[PDB]
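A lone chain, given as structure tokens: the form deposited in one PDB entry.
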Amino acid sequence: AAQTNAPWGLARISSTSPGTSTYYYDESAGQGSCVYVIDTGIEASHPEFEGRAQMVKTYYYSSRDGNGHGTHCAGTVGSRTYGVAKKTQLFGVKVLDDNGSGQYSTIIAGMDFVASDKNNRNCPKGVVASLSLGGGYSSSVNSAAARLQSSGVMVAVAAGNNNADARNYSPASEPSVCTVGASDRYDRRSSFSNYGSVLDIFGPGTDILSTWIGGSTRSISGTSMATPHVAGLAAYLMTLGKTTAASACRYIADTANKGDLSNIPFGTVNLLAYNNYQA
């Protein structure tokens, strides 16, 4: 399949080169997989989600996304126009309030919620969780992310936006999950992107067009935007049978574009997520 005039990041993850505008992907499009977006919620009624999104948990007085951030991330995972995996099932877990923040105790509970809740959902091709969130280092937050991964979920987490070593941030620093840095359309490391030995992969994160609340769209930037590119890619590859939840991060690293990015410090992987779709 080919989607012309796609957001640059979709075009980038199916290309061996920057500077193109068509997204190419196998039409299976993540069908039969599930992606949890652990964030401010998802505006499920948005037509872009086509009935494939649903809120399953909140820790606040409402499950509504009153911010937009979670809706944007979910759109990059799985919206029809702005999504990597255009047929996946999306599940929203609202651990972040409408100001975009959450207590670590709530975020931990949300991760353990996903590890159990997947047993209530039909995901024959596998389960992914996208965590565009984080703060300072916490062994408890990292151990929750490790449990979620161990339970059979492909966990993708944002590296963080501190232009610093991700070793000092959580869940970014948990070794066993897939820690995602951000790049721009000219294949630079995004100026704010964290780096370091714990990074597994980079994805598009500067000037990313996706869904927003009120049935809208907007472009924003962050490692929060790179993470759902990788989560959606994992779901897509798991539907194709190329990999599994336990192995998808390594598979994505193995098959990534190598050496394309600039300003990667020594000791950090130079790897940009790529679907290797070859019609």
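The first residue of the sequence shown is number 1, and the count goes up from there.
Below: the form solved in complex with a partner chain, not depicted.
Proximity of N99 to its partner chain in the entry with it bound falls within the 4.5 Å heavy atom cutoff.
In the entry with it bound, its partner chain lies within 4.5 Å of some heavy atom of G160. The closest heavy atom approach of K242 to its partner chain in the entry with it bound falls outside 4.5 Å.
Interface membership of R250, defined by any non-hydrogen atom within 4.5 Å of its partner chain in the entry with it bound, is ruled out. When its partner chain is considered in the entry with it bound, only one residue from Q89, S132, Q149, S183 comes within 4.5 Å through any heavy atom, namely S132. Checking 232-240, 28-36, 219-227, 49-57 against its partner chain in the entry with it bound, the stretch whose residues place heavy atoms within 4.5 Å of it is 219-227.
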